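Only one chain is shown below, in structure tokens, and it's the form deposited in one PDB entry.
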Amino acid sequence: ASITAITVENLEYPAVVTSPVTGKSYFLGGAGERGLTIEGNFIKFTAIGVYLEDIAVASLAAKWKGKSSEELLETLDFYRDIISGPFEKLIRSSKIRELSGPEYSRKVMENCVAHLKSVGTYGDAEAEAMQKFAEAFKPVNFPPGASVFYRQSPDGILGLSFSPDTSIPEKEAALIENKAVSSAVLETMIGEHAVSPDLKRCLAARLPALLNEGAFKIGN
């Protein structure tokens, strides 16, 4: 029934959004902050948020209704269903400190290639996809408040969009047509080998109450 908005360093993630690209509607699964530990201070650089298409609740209901937040958090199978579920996911990275495209994209692409190799799915096609991934970021710069949108289609496509603020762009900058790569980004965020668990905790905390309703519709 009730999802709440999350604000990370004055960057707000509304509880619900609708894509001008797909016309689909998503609910906020979780949000957190990323950065680097440099010297004796942790410096925030980006805010990160994960949205799940509204139909995801009905999809996850069968296996995960009734389970507590504590149990979901310790269950890899649950996050695999989220990562690879038959619904669209939308990931928004908003900058707290200014970063060029190559600057921000470096660590993400490294984590992706690291995982793709890890699971034996990094051939020529996947390499080209990550090259195309890189190219899309190169002509971009992200002042504070600027955002990147990863649209993970369940049909094996990753759409990349860039925005000067937190609004969803009307058009996408690039389409990376590769199944393995399409889910790679989200895997590095909530997958088994994801370092920061803040988003997993957000998902574990927020989904059970929703799954109890068996379904989610925008504005009901």
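All residue numbers refer to positions in the sequence shown, first residue = 1.
Not pictured, yet referred to below: the form solved in complex with a small molecule.
*Asks:* Only one of 30-38, 52-60, 170-178, 155-163 gets a heavy atom within 4.5 Å of the small molecule in the deposited bound form; which is it?
*Replies:* In the other structure, the partner sits against 30-38.
*Asks:* Non-hydrogen atoms within 4.5 angstroms of the small molecule in the deposited bound form: do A127, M130 and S183 all have one?
*Replies:* No residue of the spot touches the small molecule in the deposited bound form.
*Asks:* Is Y79 one of the residues lying within 4.5 Å of the small molecule in the deposited bound form, judged by heavy atom distances?
*Replies:* Because no heavy atom of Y79 falls inside 4.5 Å of the small molecule in the deposited bound form, the answer is no.
*Asks:* With a cut-off of 4.5 Å between heavy atoms, is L99 one of the residues that contacts the small molecule in the deposited bound form?
*Replies:* Heavy-atom contact with the small molecule at 4.5 Å: present for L99.
*Asks:* Is there a heavy atom of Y104 no more than 4.5 Å from a heavy atom of the small molecule in the deposited bound form?
*Replies:* Within the cut-off, so yes.
*Asks:* If we define contact as a non-hydrogen atom of the residue within 4.5 angstroms of the partner, is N111 a contact of the small molecule in the deposited bound form?
*Replies:* Residue-level check for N111: yes, a contact with the small molecule.
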